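Starting off, we have a lone chain in the form deposited in one PDB entry, written out as structure tokens.
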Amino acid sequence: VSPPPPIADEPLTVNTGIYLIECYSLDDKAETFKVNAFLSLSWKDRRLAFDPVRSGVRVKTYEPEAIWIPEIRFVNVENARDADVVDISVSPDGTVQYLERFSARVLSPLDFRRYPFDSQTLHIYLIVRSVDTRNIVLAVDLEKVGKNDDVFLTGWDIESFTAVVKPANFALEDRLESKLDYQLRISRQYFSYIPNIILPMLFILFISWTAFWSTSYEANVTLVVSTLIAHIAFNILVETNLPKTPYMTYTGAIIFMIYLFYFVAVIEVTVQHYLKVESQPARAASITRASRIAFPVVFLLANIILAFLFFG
């Protein structure tokens, strides 16, 4: 119907609130995720009032196309949401209530740079379409924003779900619009990653350091190359759960470091053998005895430097 009359110079205020039911399917490559949630609205129009004399229970008719309903759009969504309108009720002064339910696929950036121990913020963006007579502004109702205890994400824990009360007023296509921001803070559960990825890798790296305790060329070659193939196959196994990231990550830095260490180990085995065939066993013995201590200390220092550069 017609919008509220412009006699009340105050912008029509719509108290919004989103109530989460469950968040599922947090895709990392497309950086999307689907949601299922309620959506509340409330606004006051003294042009449709309710006389107390009809009833004391505040008779609140469900009016289709008999009332002016402000319509809400989501910004970062691939498709329009699947709204299911439940009930609309009118107060005796005309403070009309509202209730819906939707499912949507949201687009939000992710940052996989602390990947195993990272934390994300997800955003949902709400605008309201202007009207000719009156004005509409958006406002947050703290008693309606919440989440169910049935909201589970596979792998994540949910910290907070708040809504910045300040709209970001701007002009677009020669039109002024207001925006609302809903933030969802989640942290990744990282205990399973240690015994699943980290410790077997370090076991395989430590196996190839037992070649500094031997003088047999063939055994040392077998050891280092076979462990290198092992590491390649473990990388193949790990990559299946790693989201494809066209940038730099702590895990890939570690993997490059392991690659480098493997190369240097092969170099040292070759140098020991070449020296020993040239009839200089003292120099080879010294070099292998040096390397025994040299390799782990350097590995530890490099790992400390990388954890300082990434998590500091």
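Numbers for residues come from their place in the sequence shown, where the first is 1. Take the two forms, find the largest set of C-alpha atoms that superpose within 1.5 Å, and that set is the rigid core.
What comes next is about the form deposited in another entry, which does not appear here.
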With the core superposed, find the residue in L176, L202, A219, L237 that moves its CA 2 Å or more between the shown form and the other one.
-> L176
Core-aligned C-alpha movement of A265 between the shown form and the other one reaching 2 Å | no
Would you tell me if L48 moves between the shown form and the other one by 2 Å or more at its C-alpha, with the rigid core held superposed?
-> yes
Verify the C-alpha shift of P92 between the shown form and the other one: is it 2 Å or more after superposing the core?
-> yes
